[PDB]
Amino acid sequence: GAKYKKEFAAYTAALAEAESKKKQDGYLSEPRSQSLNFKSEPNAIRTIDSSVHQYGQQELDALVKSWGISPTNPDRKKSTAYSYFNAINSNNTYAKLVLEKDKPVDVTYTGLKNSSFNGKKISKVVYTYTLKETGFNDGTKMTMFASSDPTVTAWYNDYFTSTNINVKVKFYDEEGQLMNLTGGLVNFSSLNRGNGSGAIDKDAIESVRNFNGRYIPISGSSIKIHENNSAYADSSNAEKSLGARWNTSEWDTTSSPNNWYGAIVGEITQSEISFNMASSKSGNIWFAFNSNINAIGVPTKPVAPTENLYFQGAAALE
C-alpha cells in the first residue's frame, strides 16, 4: 500500500542519484539495488561431515610443526609463518581444517536468523572449500579455519608462499530447497596489496579469482577486474609512499568510510556461487563473504506486498 509506494519513490530516486554519481569515489560504476540480506549471523550453527577431520588445537599445532612450520625453526620465514598460524589456530570458535588438493570439504551453517533474499528467509548456507594450489611443500595441503558465523566465513594460510582455494556457496530456504540469489550483491572486501611482512616481502597480494558471476567495479577503488574474472589491485593499496591513496589502517575495516578503496561488488548469476580465494606472501588471510557491500548509494530493492563478536574477533586478529 502506502508504505510500499513511499519505498518505491525513495528507491527509484536513489537509483537516479546512483546514476548521476556513477563515476564518483565509492559509488557503483553501474547502478544496482540490493536484494540480498546476508550480513550477520552470530547464532548460526556450524557443522562439518564426519568424512572430514576437524583437527584439535594441539593436534594441528603438532602437525604443522612436523611440516617445518615451527617457532623453533631457524628459518625466519617458517617461524614467522608459524606465528601467524598459531594466532588463528588458538581461537576456539573456528573449525580447524587441513584441505587436500582437489578434495572438496563442505561447511554447513543452519539455524540462520537474520538473513533473506527478496523478502524470502534464508535458513541454511553451505560453503564448499577445495584447495586448488599452494606454493608450500608438494602443493597438496594447506590449513584453513571456518568461522562460527558464515558472514565472517574463513581464514586461510599460505605460510608466506601462496594459496588458491575454490569456494562454492549455496543458500537454502526454510524447507531445505536451493535458492537462486541471482541479482544479489556480495561484498568482496579487504583485497590488500602491499600489506605484507617487511622481512619476507611487502608485495603480498590478496585476490578473488574465477568468479562465476559479474563484478561491478567500485569507482575510485584499487580493485580492478583482470583475466579469468579475477579482482585485485595493480599496485600497493597499503602505503601512501608507494602510491596508495590511504594507508591500510585508514581504510581496511568493516566500518571505515574509505573501505570501498580495497573492495569490489559481485553480482550473483547462478544458484551455486563459485570463486577462488587467492593469496601470495600474506601468512594469514581473512576472507569474509557476505552482502555488506562497501559501495555508497546502493538502495535496498523494495518488496511489494502480496554488534558481532565474531567480526570483532577477526578484526582484532588482523
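In case it trips you up, residue 1 is the first one in the sequence shown, and so on.
- Gap check for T306 to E307: 10 or more deposited residues are absent from the model.
- For the pair 66 to 74 and 260 to 268, the record assigns the higher mean C-alpha temperature factor to 66 to 74.
- Higher mean CA temperature factor, per the PDB entry, when comparing 47 to 55 with 281 to 289: 47 to 55.
- Per the PDB entry, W246 shows the highest C-alpha temperature factor of the residues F188, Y127, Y82, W246.
- The PDB entry assigns its highest CA temperature factor, among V98, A204, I165, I122, to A204.
- In this PDB entry, the Cα temperature factor of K113 sits in the bottom third of its chain's modelled residues, the lowest group.
- In the deposited entry, the Cα temperature factor of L131 sits in the middle third of values across the chain's modelled residues.
- Ranked against the other modelled residues of its chain, the C-alpha B-factor of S235 as given in the entry falls in the highest third.
- Annotation for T182: CA B-factor lies in the lowest third of the chain's modelled residues.
- In the PDB entry, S147 places in the lowest third of its chain by CA B-factor.
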